[PDB]
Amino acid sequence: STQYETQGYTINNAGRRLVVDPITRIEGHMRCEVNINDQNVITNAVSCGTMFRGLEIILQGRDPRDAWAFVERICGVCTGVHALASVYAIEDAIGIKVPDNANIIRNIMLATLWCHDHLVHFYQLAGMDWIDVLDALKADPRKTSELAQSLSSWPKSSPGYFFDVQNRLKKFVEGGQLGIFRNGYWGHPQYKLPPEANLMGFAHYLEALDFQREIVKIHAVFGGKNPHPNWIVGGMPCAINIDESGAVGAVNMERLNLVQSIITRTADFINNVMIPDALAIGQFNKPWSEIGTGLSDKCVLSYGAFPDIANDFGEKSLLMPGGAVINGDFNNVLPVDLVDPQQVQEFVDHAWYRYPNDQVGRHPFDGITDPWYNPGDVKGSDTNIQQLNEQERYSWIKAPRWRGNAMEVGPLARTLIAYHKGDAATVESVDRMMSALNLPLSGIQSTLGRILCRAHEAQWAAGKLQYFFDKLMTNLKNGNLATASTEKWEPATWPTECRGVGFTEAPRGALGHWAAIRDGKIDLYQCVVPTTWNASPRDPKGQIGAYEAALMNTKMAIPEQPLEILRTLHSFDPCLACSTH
């Protein structure tokens, strides 16, 4: 065994090894291993992406106009965000400016995704880490109603409703076919909600499962379908016609009315169901404001998103702020430049890829994706891994760093950056949330805080949906209908050689696509995705990524039952297909 120090942690791989493979209630394929000491405290953590497809390779030689459709299929959970980054990158390369309505519609598509993705994550992915579903069978329906009504104005709170939900669960488990609940961690000492809060949360899980299907109708209006809506380089394909013949063949007043209806319903659900449930989880699990801090009190990163001024990606335009903090210096939010070769770099010394020099990082315009499955001296064999060897290569995920620093990305990171840049709405929102919990601001830098920030962002995005919708309607009232710029649609109009960067904030964090075009074809296409940051393996200096850091020092009540590991990993909302692409 070995021990070394990095980032304030003592990484020690002596002692008992625990393996969690598969990690469930994530998107895609992940393995996690830890070592625990005699005190059941994690002293080493290992993050492994267990899938790879090779989109960066597949994109070579394709028409740049097609790229969005391929990269959209990086992920069906964060569906659309890779298309958006792609069109941004190709437009940056070629020098295309889109019309204002296309920008506004793209912002609507992104905000819709934030709302949908965050909602489903909270309930379907992370929820059962916090809510003991079987304990809901012991609740009193009247006390459940009283609790729900004390937390929210949401209408669906009658004792009869909660009794009906409880009886549905009773029937479900009566035949002994427990389905997704089978062999869960129910009764674990870290489940702290009272029975009535478990029943409330389970009711809401079911309400969210039904409701989420509505949100994405906005994607269907503008983008044809969800999952995986359609886009174009130059704008959007959803031509608008409000008051002319043939409006039945376009985005018309009836289609816009549908969008408005969905926006209102989405805001209402997020504000009155998800927000109070997040706060309730906080109230009953305050010790988790001190667990899973990881890198969130050290190094955080946001590129920024939602340009309000069309084709302007600067600080004055982006509604979701960008910036980086390192060394725990939140007084110094630093600007990020995605073209600077000294800023974003990926390392592969601990990943399954070949570089000419694996001891150095490569900026994505110099990126290389040459897969090399070489797990080395594992316990087991290369097709039957019992334990990965984290001293060697152990993941399909590359290791991104920012100026050589390991960073956390995602809702908590964005919230910290916006708060410390002095965004008024963010400061007010965070302050009021922490005051409601009687927790210090540092309590947000934690597993609990990641969940709280994610719920807050869903509320933020639902509000922004209305803002963007109203901006679109203002344009239409002024006779501004344009949705595509086509003067550089044809390849003969493009530079013979050019390159571009497309960036945004996906639900899970900072996303970038770097593209080079030569002679009308994709010459290079490199993606660095939010879960690539968070789930990163180690670098040549032994620096650990956000997941490995957040797991360090965590106490486990029952080593064989990885509830605490799942809680912290799920708080980051891992998307493994994203991470590996």
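From 1 onward, residues are counted along the sequence shown. Each form is matched to the other, and the largest set of C-alpha atoms that superpose within 1.5 Å is called the rigid core.
Name the stretch that deviates more in 5 other deposited structures of this protein: 119-127, or 377-385? Use RMS CA distance to the shown form, core superposed.
-> Higher average C-alpha offset in 5 other deposited structures of this protein goes to 377-385.
427-435 or 96-104, whichever carries the higher mean Cα B-factor | Comparing 96-104 with 427-435, the higher mean C-alpha B-factor belongs to 427-435.
Which of the two stretches, 352-360 or 215-223, shows the higher mean Cα temperature factor in the record?
-> Mean CA B-factor is higher for 352-360.
From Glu72, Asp135, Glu91, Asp366, which pick has the Cα B-factor that tops the rest in the entry?
-> That would be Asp135, according to the entry.
Looking at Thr483, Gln260, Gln459, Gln342, which has the highest CA B-factor as recorded?
-> Of the candidates given, the C-alpha B-factor peaks at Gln342.
Among modelled residues of the same chain, the CA temperature factor third for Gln543 | For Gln543, the deposited C-alpha B-factor lands in the middle third.
Going by the recorded CA B-factors, say which third of the chain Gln60 sits in, lowest, middle or highest.
-> For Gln60, whose C-alpha B-factor we compare with every modelled residue in the chain, the answer is the middle third.
Lowest, middle or highest third - CA B-factor, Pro159 | Highest third, going by the recorded CA B-factors of the chain.
Of the three thirds of its chain by CA temperature factor, lowest, middle or highest, which one includes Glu392?
-> Highest third.
Ordered by C-alpha B-factor within the chain, which third holds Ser47? Give me lowest, middle or highest, please.
-> Its C-alpha B-factor, which the entry lists for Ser47, ranks in the middle third among residues of this chain.
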